[PDB]
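The chain that follows stands alone, in the form deposited in one PDB entry, written as structure tokens.
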């Protein structure tokens, strides 16, 4: 036996509206922001060291200028997660993204683990100072071409993203240890689960916990070359479901099953109208 009555989006929907599903964790990757016009900086079709950065900041900040999104308009997928929040279902959103769209969509700091950090804030890098600066400040420096320095001590100011050489934020490990004792459903969206330790999260779910992947391609299966993992398609499969396609399409399909399609359309068009109007 198993919590899902069938291993399909329809079975997940039925589970989510049952008394067994109280607490959803979303795991999200670059797949959820590509339809917002932000390309996945790993993807080859699209176009890093901390020690290097601290001595020669100029290239990172040049590259930052080049890749700075033209607008910050979250996706159907982002507002889907806001909808989980409004309906009391969202325990946490673990994101690999640095684009701040989760926050613009109305996820709060408490709801979020920015596993790879974020551009939302920046800090002076001097240990004895660590002055915090907002994105508005950082954006002005990136666009005005001026290499960002601290007003208090003149040290370099670095966006709060995780560079190679740096460890993931402490919050990632401390939330992981608690959240995955509490989870009823993992929603994995727009990630190929290629980056560690983020990808190890799927193995932290309780054995019974259904795991729904919404992604352009099947991901998370065990590597036949090395080796738990996602099992979608064997006779042993009992809880993992793959919905292949664009993340916005998959969340729309799931909202529709849930009876949330009108709420999600209304939320999205309202928030898009607001962002468009400046």
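Positions refer to the first chain, counted from 1. In this text, the rigid core denotes the largest set of C-alpha atoms whose superposition between the two forms falls within 1.5 Å.
Form deposited in another entry: not shown, discussed below.
When the two forms are overlaid on the rigid core, CA displacement between this form and the one not shown of 2 Å or more is confined, within 125, 91, 104, 175, to 125. Residue 141: CA moves 2 Å or more between this form and the one not shown after rigid-core fitting. Comparing the forms between this form and the one not shown on their rigid core, the Cα displacement of residue 218 stays under 2 Å. Relative to the superposed rigid core, the position of the CA of residue 155 differs between this form and the one not shown by 2 Å or more. Annotation for the pair residue 135/residue 34: C-alpha atoms recede from each other in the other entry, by 3 Å or more compared with this form. In the other entry, the CA atoms of residue 70 and residue 102 come closer by at least 3 angstroms compared with the shown structure.
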